[PDB]
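# Chain and residue survey
As a plain string of letters, each chain reads:
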Amino acid sequence: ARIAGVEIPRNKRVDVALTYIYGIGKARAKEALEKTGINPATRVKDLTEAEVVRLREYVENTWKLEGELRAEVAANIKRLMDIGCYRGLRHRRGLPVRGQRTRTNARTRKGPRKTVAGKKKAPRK
Amino acid sequence: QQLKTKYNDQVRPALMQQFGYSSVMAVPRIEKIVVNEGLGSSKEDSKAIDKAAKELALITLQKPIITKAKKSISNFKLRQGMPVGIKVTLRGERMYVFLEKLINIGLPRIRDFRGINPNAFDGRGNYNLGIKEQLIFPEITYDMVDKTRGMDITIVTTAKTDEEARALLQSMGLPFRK
Amino acid sequence: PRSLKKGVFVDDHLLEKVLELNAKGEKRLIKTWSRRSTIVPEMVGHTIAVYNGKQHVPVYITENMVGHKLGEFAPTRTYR
Amino acid sequence: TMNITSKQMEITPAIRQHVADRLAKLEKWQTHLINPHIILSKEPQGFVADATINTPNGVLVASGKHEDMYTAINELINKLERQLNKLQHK
RNA sequence: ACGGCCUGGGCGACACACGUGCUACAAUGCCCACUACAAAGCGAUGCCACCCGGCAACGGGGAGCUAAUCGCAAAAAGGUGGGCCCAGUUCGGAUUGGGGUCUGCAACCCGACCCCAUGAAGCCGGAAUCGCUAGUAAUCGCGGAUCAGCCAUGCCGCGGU
RNA sequence: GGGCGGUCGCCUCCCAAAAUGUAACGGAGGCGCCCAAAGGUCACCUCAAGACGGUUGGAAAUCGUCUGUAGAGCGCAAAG
């Protein structure tokens with residue numbers, strides 16, 4: 001469904017194709033169908049440009065998201081990383097910034113996954 | 001004619017409307033164009049790049065020859081007739097109607113695209129700015145496609161003085177850093 | 001993310017002192033011992049200094065640092 | 001790989017290098033052992049050293065109580081070595 | 001004074017070694033609809049039916065409860081069909097910014113919980129090693145205890161099978 | 001000087017003494033080829049190198065440009 005940026009979901013029903021995009025979820029998948037009076041049990045390719053227009057206008061009329069939000073992907077944290085932010089802090093440090101630990105259960109940012117030399121003499125349990 | 005005319009009688013008199021010049025051909029013309037790209041033979045030791053060669057002619061047909069840089073490396077790569085380049089001469093009148101797919105398309109996409117070039121310019125009518133890795137075209141599958149451009153565009157215009165280098169290149173088309 | 005509905009906690013056992021800098025006169029550098037308080041527009045852009053538990057830290061609320069619970073800017077941990 | 005603890009003294013680079021040097025030397029013994037742990041104690045009669053190692057084929061244990069702190073540690077690992085010897089049997 | 005009142009800070013850090021446990025590699029599953037089933041306790045300053053907002057997390061009027069006689073809970077898994085066809089998959093879900101609730105004159109550190117986006121290791125994992133002789137192991141769920149609050153994947157108890 | 005070692009043919013000169021113009025246990029680079037084509041004909045193109053900022057582009061490889069006693073290169077020393 002090439003209608004915006006690298007969006008080409010296809011070869012199935014449309015209901016699926018909906019959420020089947022980096023930005024669409026639930027309140028955006030079938031919820032949009034309603035606002036456009038379309039049944040979920042439809043084909044994607046079949047929808048000629050005619051149907052595509054409804055999406056090209058109504059659907060494409062989204063806020064800063066997916067294909068356009070590519071201008072705030074980091075900005076969403078640009079104002080809470082450097083600065084003396086905890087997240088820095090966890091920002092200045094680019095570590096998880098939302099109530100949790102750092103030793104473990106946050107290995108997303110701090111340390112990728114590469115096996116660290118495990119502690120030897122200091123209870124590992 | 002079309003743009004050529006909105007270039008022969010539109011963005012041609014304006015210059016004299018601002019401040020003339022000793023000639024009715026004094027105004028800058030379509031000096032040089034070309035395109036420039038070719039990020040060196042990446043995919044394969046020169047044998048799969050062909051699937052990135054013809055990809056240069058991914059808008060029209062005019063069999064580019066890739067050229068070569070200068071053989072002296074023997075570090076990175078480079079030999080007696082390697083690629084590393086581009087160029088190709090394809091100006092003309094349709095080249096005007098080619099701005100139709102230039103001074104138009106692209107802008108409607110290219111990431112956070114808002115304006116075109118922040119001053120910079122000067123010296124010549126060849127302001128070096130352009131492309132990333134986006135075509136903005138669907139006139140073929142674009143699924144079977146799988147390359148990665150990069151580089152920019154040059155196109156000179158016989159506009160030495162800044163107030164020519166980037167003067168006409170303002171009321172020139174419309175898509176630009178406003 | 002973080003929240004409290006309303007009434008963002010602001011250490012007021014010191015607010016009276018922090019507001020002295022803007023009640024009849026001005027002055028720089030005041031002492032502090034906290035990391036819970038929140039800052040309000042009324043008192044921004046002033047030389048401050050708070051503690052950690054055993055350590056002291058440099059403080060100065062500016063536009064670039066939304067004056068919140070504060071502690072979320074200089075916890076305590078230290079390593080290498 | 002090598003953890004040494006004690007509730008009386010501290011871990012010095014010498015005691016670490018001593019035991020550590022013996023680990024790298026125990027090549028013929030190198031086969032399993034996953035995150036070993038050694039503890040050091042002390043009694044009015046001398047010093048004691050205990051060690052525990054977990055392996056994919058079981059667990060080994062060793063202890064020492066020589067009057068000399070260093071001797072005990074050396075003796076303990078001696079049992080580690082002597083223990084692995086019986087593991088291969090003959 | 002290795003006596004004493006206090007605000008904060010480490011124990012939710014770090015190049016790391018594995019144990020203990022939870023949850024997954026799926027198609028047996030993703031989700032839509034309805035529904036037949038277990039023990040057990042506990043709710044005195046304590047718990048929740050109903051009323052309406054409401055994406056809910058949630059709220060306010062406060063009935064009722066010291067009780068086979070009101071609640072905690074329309075148990076979960078499951079069952080019939082529906083749509084989904086093997087790709088790193090509507091798997092799993094660590095995970096990051098912007099917002100919300102409940103405890104606290106407060107939740108940076110260091111809260112679980114509701115939404116928006118979100119999404120890795122991973123197609124059984126070199127060795128090595130554990131449990132049980134029956135209702136077993138195994139899979140899916142519930143309460144109690146403590147705790148003012150809050151983050152039970154821990155603890156004790158019980159069951160659908 | 002014996003002589004182990006080292007020397008035994010061709011080619012670049014330094015020193016050879018501005019025509020030719022020698023030596024040397026005085027010194028430095030090599031070889032006894034290449035190529036159906038770097039051979040013959042006709043044609044166009046000045047090379048390294050800096051700067052202008054733009055690509056996978058933490059120099060450098062891409063391109064436009066002026067400069068360029070042209071500092072490239074023309075099959076491997078050297079002079080011309």
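Scroll up to find the structure this text is about.
Quick summary incoming for the structure in this document.

Procedures and definitions
Residues numbered from 1 in each chain as written, not as in the entry; some residues may be left out. Chains lettered and ligands numbered in written order. Part of a larger assembly, values for the part shown. Heavy atoms only, no water. Near = heavy atom within 4 Å. Polar contact = N/O pair within 3.5 Å; in protein donor to acceptor, adjacent residues only side chain to side chain. Nonpolar A, V, L, I, M, F, W, Y, C, P; charged D, E, K, R; others polar. Contact = heavy atoms within 4.5 Å. Buried area = accessible area lost by both parts, 1.4 Å probe. Salt bridge = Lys/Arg side-chain N within 4 Å of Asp/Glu carboxyl O. Core = buried A, V, L, I, M, F, W, Y, C linked by side-chain atoms within 4.5 Å. Buried < 20%, exposed > 50% of the residue type's maximum accessible area, 1.4 Å probe, protein only. Helix = DSSP H or I, 4+ residues; strand = E, 2+ residues; numbered from the N terminus.

### Considering the protein's contact with RNA strand F
Residue and element names in this part refer to chain B. Taken together, 20 residues surround RNA strand F, and among them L39, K70, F76, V84 and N128 come closest. Of all RNA strand F atoms lying within 4 Å of any protein atom, the proportion belonging to sugar or phosphate reaches 63%. In this structure, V84 approaches RNA strand F through a main-chain N or O atom, which is 3.5 Å from a sugar or linking oxygen. In this structure, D152 approaches RNA strand F through a side-chain N or O atom, which is 3.0 Å from a sugar or linking oxygen. Among the residues forming the surface near RNA strand F, the class breakdown is nine nonpolar, six polar and five charged.

### A closer look at the interface of chain C and chain A
Taken together, the contact between chain C and chain A spans eight residues of the former and eight residues of the latter. Taking both partners together, chain C and chain A bury about 630 Å²; carbon and sulfur atoms supply 54% of that area. Of all residues in chain C, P1(C), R2(C) and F73(C) give up the largest surface area on contact with chain A, accounting jointly for 57% of the area buried on that side. Applying the counting criterion to the chain C and chain A interface returns zero salt bridges. Put simply, chain C and chain A have two residue pairs in polar contact between them. Of the residues assigned to the side of chain C that touches chain A, the class counts are four nonpolar, one polar and three charged.

### Regarding the nonpolar core
Residues and elements named next belong to chain D. Counting 21 residues, the largest nonpolar core has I73, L76, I77 and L80 as the members making the most contacts within it. Secondary-structure elements contributing two or more residues to this core are α1 (13-25), β2 (37-43), β3 (46-55), β4 (58-64) and α2 (69-88). The element contributing the most residues to this core is α2, with seven residues. Contacts of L76, omitting those with residues within four sequence positions, involve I38, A49, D50, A51, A62, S63 and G64.

### Re the pattern of salt bridges
All names here are of chain A. Taken as a whole, this structure holds 11 salt bridges over all chains when the rule is applied. Residue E66 pairs with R70 through a salt bridge whose shortest N-O separation is 2.8 Å. A relative accessible area of 14% means that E66 is categorised as buried. The exposure class of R70 is partly exposed, given its relative accessible area of 30%. Among the charged side chains, a network of salt bridges with common partners joins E7, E66 and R70.

### Focus on the protein's contact with RNA strand E
Around RNA strand E, the surrounding shell holds 63 residues, and the nearest of these are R109(A), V116(A), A117(A), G118(A) and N35(D). Expressed as a percentage, the sugar and phosphate content of the atoms of RNA strand E within 4 Å of the protein is 70%. Within the backbone of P96(A), one N or O atom sits 3.3 Å away from a phosphate oxygen of RNA strand E. With respect to RNA strand E, the side chain of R113(A) contributes an N or O atom lying 2.9 Å from a sugar or linking oxygen. Secondary-structure elements contributing two or more residues to the surface near RNA strand E are α4 (75-78) and β1 (86-87) of chain A. Its residues placed into classes, the surface near RNA strand E shows 19 nonpolar, 20 polar and 24 charged.

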